[PDB]
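# Results of the structural survey
Residues per chain are reported as follows:
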Protein chains: 2
Amino acid sequence: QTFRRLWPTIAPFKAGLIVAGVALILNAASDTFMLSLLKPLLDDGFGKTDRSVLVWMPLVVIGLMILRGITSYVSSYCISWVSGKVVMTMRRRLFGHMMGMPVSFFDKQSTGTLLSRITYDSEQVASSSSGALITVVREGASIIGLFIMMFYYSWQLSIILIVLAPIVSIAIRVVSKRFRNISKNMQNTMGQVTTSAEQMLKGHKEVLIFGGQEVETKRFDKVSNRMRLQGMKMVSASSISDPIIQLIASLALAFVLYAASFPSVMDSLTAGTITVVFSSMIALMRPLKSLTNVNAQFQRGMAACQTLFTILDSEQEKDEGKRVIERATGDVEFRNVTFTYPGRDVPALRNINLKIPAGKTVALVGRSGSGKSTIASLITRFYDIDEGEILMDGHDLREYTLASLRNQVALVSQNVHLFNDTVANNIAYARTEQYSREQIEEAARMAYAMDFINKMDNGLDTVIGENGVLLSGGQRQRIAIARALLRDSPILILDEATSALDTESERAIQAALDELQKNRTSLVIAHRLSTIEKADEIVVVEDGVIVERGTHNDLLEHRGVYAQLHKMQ
Amino acid sequence: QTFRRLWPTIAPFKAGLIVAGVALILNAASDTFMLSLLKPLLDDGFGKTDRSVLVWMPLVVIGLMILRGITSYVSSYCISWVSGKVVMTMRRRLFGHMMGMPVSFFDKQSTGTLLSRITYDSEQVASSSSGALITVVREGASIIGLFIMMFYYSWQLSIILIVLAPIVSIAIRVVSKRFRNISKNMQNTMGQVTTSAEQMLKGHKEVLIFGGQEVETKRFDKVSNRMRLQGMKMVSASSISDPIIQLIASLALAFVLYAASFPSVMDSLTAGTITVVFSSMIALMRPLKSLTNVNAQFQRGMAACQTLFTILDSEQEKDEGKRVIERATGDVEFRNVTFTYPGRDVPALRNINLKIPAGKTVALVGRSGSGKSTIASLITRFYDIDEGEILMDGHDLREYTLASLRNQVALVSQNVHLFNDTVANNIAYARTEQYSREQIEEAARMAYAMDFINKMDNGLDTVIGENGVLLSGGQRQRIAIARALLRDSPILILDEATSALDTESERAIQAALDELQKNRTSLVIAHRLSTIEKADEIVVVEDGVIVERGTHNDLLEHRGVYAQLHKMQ
């Protein structure tokens, strides 16, 4: 169905398919013709000469279905490798859906969407490989059991099991429907086990540090019991499906009783051998069980790949296209640009038409919490949606090829999202192309005895707590400055990094980058006097509105806000 | 084996066990006695009177094994519910292993250890339920097929299939061994898929904000291909196991050829009916396939519950026991206490014997990054290991019942670990017992127009980005102060929370808590003049050593460090 758009994937796939199918074909050859042993065997009194070739053949056929063992295995390996590689493909590509998602909403929720990957993934693997393989094995045996019976034995007897097979068919049909539905929406509901995992992330150290130890327990209570009884729900749904196929195997098998009874009532036939055919009948219902269980388990397979295609696709929006911006610095000017993240809530910026040149490194100012941060995601184009619009350098903000554009600017956030790392990465990361640890060594050392860890330089291969845990804030803070010591891009901007820092390496890095980078606009906020005197221009934009700008020295008298800023401290 | 310590879990379990077992017993009754239909059926020429009761019975037996359908289902539901509830139990309890782990090492790594839960969990469920249930169904049919053959038919024929069954036994034995081993260490190796998920967490927004878009791809390259070819590795290992049981079903089934041949060579018997018994032989090898696949899949089951018991247990260390500390404030004094997190690296604190009373709220000072933070985890007893030792109030730090002890102090970290939240939690969380939103309303409002979000108070039910994303830093910072507006405990301490804050609500909360809490020692660091004048005592402890303390006013001349601190800014 949708399975038909599963179908395009690739051709060598088709090869493994044919491999397994013909394999089962050769499961069937000696199960049916197995009956073509027992069949003439049993009737003829074996005589001796008949007993001769008879007693001879089991050696042969036994070599034959043990052969069917190895062949079966072959096809198993091949198709398995096929299936696996398919999973591989999806996992990456739809990871290109999730990275393909990115930030604007992908802000909202994180690790629920995460576990989509791992645990909307693995069980779909198992269901795919296991389920599919076990399904295939079945119906060749069943089918052949029918056909051999039908024409290869008897025609009104054909009418018999072909009374079964259409009706049987519609049975698998309705089962496939009701159940593909129910357990489909099930795994939809189990994505809330992914919720569970997500929240139990959010445990981490926090409750531990308040001493709230029993609310966790409550958390796994509400969701865990719900989802676990949920599992039992669909297990009972499964063993409910096994009857509905069994009750049609009860009416179907029962119709073999009619087959058992009706010629028995009036036999135009010789029972004789064809009695043997009934053995197949027994064998026929033997795989029955598996299917239900299988299908249930396998139903999973169709289902999340389903939701991954469907629910997984959207929004890597675009770029009009260009080059990179050269390191030649543009000028940052916007027109009537304002936004707020939520909804009907009015834009957090009141409104603004940006203007600055580059080479003017201006002190940005506003009382915090103000969406003062927004310009970043704005200017970094985290948000394309623009009330008012931007052509920077006579060409619009969104005409600029994505990374190449973003190769205009780097930044330090209000805070740090970092890795477990040695010197290896979050310094050397920014663009790994230069990892040179001469160049990295002293390049980070351009944060000037951030090279110094405490009375030490770290065993430079020693990895860190992901956000830095293993020591107090300063050094990692300085790292968060250090990522910008490397990549240079036609404009750079930094903010609020100084949190626990000393004033020393702070200011020395101020003038240091000044010297280094004069001619980019470098924009920043401070609660300290640090840049607010020395930034070659000053601007105070508070909340979503600019109160003032120009040279701060004008603004100590011109307003009281900056005055008191200094005047207090 | 270890399965024998799986065994203690509970009794109603035993009930469901008996349920399923006797169930399969009644699968078997009419498969064997099914042969006890075909058997006398086929030989006797049916006559009519023989044909009468014969053609009669299929109605009966067909009602009987369709009965076996419903019975089978019953036992399925019951045992399933059993298995599920067992999983539930573990998931919580060993979550009490992981919380049972806590911080000291549990610092080191987070979300790899995480996915242990979800994806060392779910597949173990599937393997448990599915695998176990499918296993049980098998050997009752096999066994009975043997026994009915052995004594219920023929004794030297007993010798036949009991030539099989011991040898067959040792076959399942070696399979169980080699494979329990190999796929056991496999899932050990797949816990590195949990690694994968963990790192792809660490993608989140960071690379996105640098523009490093192709290193991710590399990350799923190295691990993803490895683990996926790893899956194929154990799939091929499985379909390698199916032969080794098939080659002993090739030698075993082949020994049925001997059974087929040897009496055929010289028959002391009447073949006749007992020819029919061979049908069972065919049916016998029919379940064969499943086991291998099953066992492989099921092997998973033993395995992580294995590693969960084993690898999951340790360290909720202890408490000597006491009451809570009363809100009556102790005095914080240590003896020769110093530590550093890493290894052979010498303690980050040089050494210290703490002393302060409570009611003295002292300005703690040191250049940051210095392990200045450590005292927290120290004093909060995140680290029991103490070079030098502590009896605070003549009774040791570790004599104090855990939370109750920690009910002496609350704190704001150097940073924020928070939730998606409305007003609902991270303010109201601290101890949910008072969520009172009068009391919460103005209790958080004790952060004084932190009540104010921007020109607004949030729709007070509006949840936030987990770390607060939806607006700039200030308000959530103030929240991180607000968690301490509620819980009071015989001492409180706060640090570095003011990061983007204004000075206004900062200082007003300073004196506000002063007024409110005088008589606890309240200890803090600042890069601002804020508390450094007004903290009723002053201490500068830099790096792992105390340089100075007393009244700062003594220390502006007495050292230059504080002087310049002010004197610069």
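Basis of the calculations
- All residue numbers given refer to positions from 1 along each chain's written sequence rather than to the entry's numbering, and residues for which no coordinates exist are omitted.
- In the order they appear in the text, chains get letters beginning with A and ligands get numbers beginning with 1.
- To obtain the side-chain values, all non-hydrogen atoms of the structure were used and water was disregarded.
- Residues with missing side-chain atoms are left out of burial classes, side-chain pairs and their counts.
- One bridge is not enough; two strands pair if DSSP finds at least two bridges between them.
- Numbered from the N terminus, helices here are DSSP runs of H or I no shorter than four residues, and strands are runs of E no shorter than two.
- Helix axes are fitted only over the stretch in contact, all axes being lines through C-alpha atoms; the angle between N-to-C directions runs from 0 to 180 degrees.
- UniProt positions are given in the numbering used here, feature names are shortened, and annotations may be inferred rather than shown by experiment.
- Any angle that falls under 35 degrees is termed roughly parallel, while one over 145 is termed roughly antiparallel, one within 65 to 115 roughly perpendicular, and all others oblique.
- Less than a right angle of anticlockwise turn of the near helix away from the far helix marks a crossing as left-handed, whereas a clockwise turn marks it as right-handed.
- We call two residues in contact when some of their heavy atoms are within 4.5 Å.
- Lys, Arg, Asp and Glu make up the charged group, whereas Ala, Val, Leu, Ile, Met, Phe, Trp, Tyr, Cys and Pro make up the nonpolar group; the residues left over, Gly among them, are polar.
- Superposition of the copies is done by least squares over their C-alpha atoms.

Let's shift gears to the sheet that holds strand β3 (residues 545–550) of chain B. Residues and elements named next belong to chain B. What the three strands build is an open sheet, ordered β1-β2-β3; its pairing is mixed. The sheet is open, and its two borders are formed by β1 (362–365) and β3, each paired with just one other strand. Across this sheet, the average inter-strand angle for adjacent strands is 15 degrees, counted without regard to direction. Sheet topology note: the β1/strand β2 (residues 537–542) ladder contains four bridges and is parallel. Counterpart to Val362 in the pairing with β2 is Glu537.

Residue and element names in this part refer to chain A. Within this structure's numbering, the places UniProt gives as "transmembrane region" are residues 6–26, 53–73, 143–163, 243–263 and 265–285. A helix fraction of 81% and a strand fraction of 0% characterise residues 6–26, whose end C-alpha atoms lie 27 Å from each other. Secondary structure over residues 243–263 splits into 100% helix and 0% strand, and the C-alpha atoms at its two ends are 28 Å apart.

Residues and elements named next belong to chain A. Here we have three strands laid out as an open sheet, ordered β1-β2-β3, and mixed in their pairing. Sheet topology places β1 (362–365) and β3 (545–550) at the edges, where each strand pairs with a single neighbour. Taken over all neighbouring pairs, the strand axes of this sheet differ in orientation by 15 degrees on average, direction set aside.

It is worth spelling out the packing of helix α2 (residues 11–43) of chain B against helix α3 (residues 49–98) of chain B at this point. Residues and elements named next belong to chain B. Look at α2 against α3: their axes get within 9 Å of each other, and the N-to-C directions meet at 160 degrees. Overall, the two elements α2 and α3 adopt an arrangement that is roughly antiparallel. In this structure, α2 meets α3 at a crossing whose hand is left-handed. Contacts between α2 and α3 involve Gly16, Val19, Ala20, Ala23 and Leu26 on the former and, on the latter, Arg68, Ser75 and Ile79. Partitioning the contact of α2 with α3 into residue classes produces five nonpolar, two polar and one charged.

Moving on, we come to the interface of chain B and chain A. Listed as interface residues are 30 residues of chain B and, on the opposing side, 30 residues of chain A. Looking at the side of chain B that touches chain A, the elements with two or more residues in it are α3, α8 (206–210), α9 (214–265) and α15 (474–486) of chain B. In terms of residues, the side of chain B that touches chain A owes the most to one element, α3 of chain B, which gives six residues. In terms of residue class, the side of chain B that touches chain A is built from twelve nonpolar, 16 polar and two charged.

With that settled, the discussion passes to the UniProt feature "binding site: ATP" in chain A. As annotated in UniProt, the feature "binding site: ATP" corresponds to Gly366, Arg367, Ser368, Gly369, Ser370, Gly371, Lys372 and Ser373 of chain A in the numbering used here. In this structure, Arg367 of chain A sits in the loop between β1 and α12 (374–379).

Now for the pairing of β3 of chain B. On a regular strand, each side chain points to the face opposite its neighbour's, so the side chains alternate between the two faces of the sheet. Residues and elements named next belong to chain B. Sheet topology note: the β2/β3 ladder contains five bridges and is antiparallel. Looking at β3, one finds that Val539 is bridged to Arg549. Between the antiparallel neighbours β2 and β3 lie two residues, among them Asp543 with a positive phi of about 60 degrees.

Looking now at the relation of the copies chain B and chain A. When chain B is fitted to chain A, the residual RMSD is 0.0 Å, and the transformation amounts to a turn of 180 degrees plus an axial shift of 0.1 Å. Here the symmetry operator amounts to a two-fold rotation axis. Rotation axis and chain B: the residue whose C-alpha lies nearest the axis is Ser499 of chain B, separated from it by 2.9 Å. Most of the interface of chain B is mirrored in chain A, where 100% of its interface residues again form contacts.

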